[PDB]
């Protein structure tokens, strides 16, 4: 059998049969972590191009942390009422 269908002429409706459920009932809460570092604006003359790229990516990491830090406070949303 598997997928089968029946059309009811009298009601203008059709039922598709043969399916199996996988209904979400519960939830599994996992804590995903990223271990980061706490360097401080180091100061160096280092005019080297290889260093300035490392300086450029290090600023990106530092700003990301500051962004995520500002992202906290307050607690989540979640746009309810439907």
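Between two forms, the rigid core is the largest collection of C-alphas that superpose within 1.5 Å. Residue numbers count along the first chain shown, from 1.
A.B. asks: Superpose by the rigid core and compare 65 to 73 with 12 to 20; which one moves more, by C-alpha RMS, in 4 other deposited structures of this protein?
C.D. replies: Stretch with the higher C-alpha RMS distance in 4 other deposited structures of this protein: 65 to 73.
A.B. asks: Fit on the core, then compare CA atoms: does 22 to 30 or 36 to 44 lie farther from this form in 4 other deposited structures of this protein?
C.D. replies: Comparing 36 to 44 with 22 to 30, the one that moves more in 4 other deposited structures of this protein is 36 to 44.
A.B. asks: Averaging C-alpha B-factors over each stretch, which comes out higher, 44 to 52 or 23 to 31?
C.D. replies: Per the deposited B-factors, the answer is 44 to 52.
A.B. asks: Using the B-factors recorded in the PDB entry, average over the C-alpha atoms of 53 to 61 and of 34 to 42, then report which stretch comes out higher.
C.D. replies: The deposited B-factors put 34 to 42 ahead on the C-alpha mean.
A.B. asks: Whose CA atom has the top B-factor in the entry, of 66, 16, 73, 11?
C.D. replies: Reading the PDB entry, the winner on C-alpha B-factor is 73.
A.B. asks: Taking the C-alpha B-factors as the PDB entry records them, is residue 2 in the lowest, middle or highest third of its chain?
C.D. replies: Middle third.
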